[PDB]
Each structure stands twice: as structure tokens, then as C-alpha cells.
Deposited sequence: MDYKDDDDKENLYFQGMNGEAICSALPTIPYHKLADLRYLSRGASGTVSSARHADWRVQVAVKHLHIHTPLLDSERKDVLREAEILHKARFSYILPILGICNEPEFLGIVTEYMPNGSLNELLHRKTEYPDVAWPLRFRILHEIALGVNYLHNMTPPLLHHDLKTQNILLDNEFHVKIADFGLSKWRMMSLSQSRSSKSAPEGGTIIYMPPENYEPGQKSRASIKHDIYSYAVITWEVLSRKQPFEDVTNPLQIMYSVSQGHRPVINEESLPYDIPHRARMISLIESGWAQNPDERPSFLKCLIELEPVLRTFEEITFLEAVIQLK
């Protein structure tokens, strides 16, 4: 059973407005003149033409509840762009570090975010053939209208989410199914702390040296208080994921099985209250 991705005439997008730069390109918001929905458009050589068409192919094949939904492709002599559902609430990074805009980010939502990132990345790994993210960062973990996760920019510059064996990449590191879990371990640490990993450190070059030595962000009372739900299980999960040996790192499936009970300790209502709190 095959589903073709719709082709969207550029002239069908109205109210086109700049939002930001994406992974590679500009991200604009617009509205579909016929579908009557708000959309996001990622737009930018006939070499770079197959580049945009590759992301579109990946998003289309990687379709799932925690992966950014692609609506169609603009493929015209005058314009090339990917059209997706519009994500109103930015990225994880901005929820985590825009502390004036967001003074509180409730534990139910934080853990829900973590659970959804794992459910997302895991789906990529369970595809046939396995799809690898390799650039999982807080900046590309997008938040929908009700602050649910949509992962983007996978399978296509902050080194803090990079495993040390990828610093000088080989064929083995670029095919490594244990890169994403290191990134996830740094994100988990960052989410539970609301702190910038290696904040104290001056050079990103310096970070690379200590990270390659063995140093990870600090796991202590100051960064991760004792009042953190399931702290022991969490700290175990982080340290297990950012393990210097790729072979000593858990799969996303193993983490999920560990996270499933954690999330069940939060009353359904608390997730909804956490969201209302951000508004």
C-alpha cells in the first residue's frame, strides 16, 4: 500500500512570514488557501534540489505520533520547500532556557517531553532499515499546540549533544546505533536541570577535550536537587546513556520500559495543569 506525498503549488500558500533559520534553510509560517490550515514551510542548484527532496522523503516515510507531520512538497521552477503542520510552541531549548517567559515547567510535562523524545527516536531505530537521527538536540525537539513533542531534522552547531567517538567521524561512528542515546542522556540531564550543559566552560573546544577525557555535566544537589521525581532511576538512565563506551549504552526501547512506570506516577490531570501554567 503506497501513499504519494501531495505536491503543493507555491501560489496555494498565503500569508507567508519568516520564523527562523532551520537546519539548512529558512522556516516560514503560511496558510493553505484551500485546506484552510496554518502550515510551516522550510525553503532554500539542482544538487541541493535532491537535498530538500531527501528530507521530505524521510519525514514522509518516518511518519508517526512524535515525528513532525509533513503535509506536502513545493517543487517548482521558482520555489523549492517542505510543507509541514505548524508547531506553535517553539522548541525544547526555548521552553528550557526562556525562564522569564516560563518561570515554571512542571515535572509531569518535563517527563512527558522525555518520554515522547524516546518514543520518537525509538520509532526511527525500529524502522526497516533503521533510521538514525545523529543530530538530536533541544533546538530541533519541537513543541506542538499542547506541548507534545515532534522530532525534526533527523537522518540529514552545538557539540554538547555529540558522543566523543563522533568528534573525528569514521564509517563506524556514522553508522552507530548508540549515538542518539548519548544526545538523549544530555537532553534528559538538561530537562531535569533547566541548566546549560558545561555552562562554566569557556570554549566549545574545551568542552570537547573534557568530554573526550571523561567529564560529563555535573550530577549533584545544585544542578539536580533531591526533590526530583524518580531521581535515582533518572540519574541511572542519564549516566547509562552518556557512557564513554558505545557498547555500555542502553537502547531507546530499554529506556522506554524504564520510563513507562515513571510516567504512570503522574495523574492524567497534572499534564493538563502544566500546559495551562505555560499559557
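Requested in this report: Provide the list of deposited-sequence positions lacking C-alpha coordinates, grouped into contiguous ranges.
Outcome: Model skips 1-21, 66-71, 184-203 of the deposited chain.
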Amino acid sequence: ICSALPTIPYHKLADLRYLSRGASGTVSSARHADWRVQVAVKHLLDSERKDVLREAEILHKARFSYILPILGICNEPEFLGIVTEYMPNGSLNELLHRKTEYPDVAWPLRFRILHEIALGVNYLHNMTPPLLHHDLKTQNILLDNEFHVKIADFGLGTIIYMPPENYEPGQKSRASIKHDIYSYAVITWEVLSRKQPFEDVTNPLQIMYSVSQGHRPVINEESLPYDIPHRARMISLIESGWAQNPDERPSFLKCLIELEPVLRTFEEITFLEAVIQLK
From here on, numbers count along this sequence of modelled residues.
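We call the rigid core whatever largest set of C-alpha positions still superposes within 1.5 Å between the two forms.
**Report entry** Segment of greater CA departure in 6 other deposited structures of this protein, 79-87 or 197-205, core superposed
**Finding:** The more displaced stretch in 6 other deposited structures of this protein turns out to be 197-205.
Query raised in the report: With the rigid core as the fit anchor, does 103-111 or 157-165 show bigger C-alpha shifts in 6 other deposited structures of this protein?
Result: Greater root mean square C-alpha distance in 6 other deposited structures of this protein: 157-165.
Query raised in the report: Is it true that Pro129 goes unbuilt in a third or more of the other compared entries of this protein?
Result: Across the other compared entries, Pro129 is absent from none.
Query - No coordinates for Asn93 in a third or more of the other PDB entries - result: No, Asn93 is modelled in every other compared entry.
Query raised in the report: Should the higher mean CA B-factor in the entry be assigned to 52-60 or to 30-38?
Result: Stretch with the higher mean C-alpha B-factor: 52-60.
Query - Mean Cα B-factor comparison, 144-152 or 182-190, giving the higher one as deposited - result: Averaged over C-alpha atoms, the B-factors run higher in 182-190.
**Report entry** Third of the chain's Cα B-factor distribution that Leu5 belongs to, per the entry
**Finding:** CA B-factor rank for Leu5: middle third.
Report task. Looking at the entry's B-factor column for C-alpha atoms only, identify whether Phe252 ranks in the lowest, middle or highest third of its chain. Result -> Middle third of the chain for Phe252's C-alpha B-factor.
Report task. Looking at the entry's B-factor column for C-alpha atoms only, identify whether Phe111 ranks in the lowest, middle or highest third of its chain. Result -> Its C-alpha B-factor belongs to the lowest third of this chain's values.
Query raised in the report: If you rank every modelled residue in this chain by C-alpha B factor, which third holds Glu85: lowest, middle or highest?
Result: CA B-factor rank for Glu85: lowest third.
Requested in this report: Would you mind ranking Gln139 by its C-alpha B-factor against the rest of the chain and naming the third, lowest, middle or highest?
Outcome: CA B-factor rank for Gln139: lowest third.
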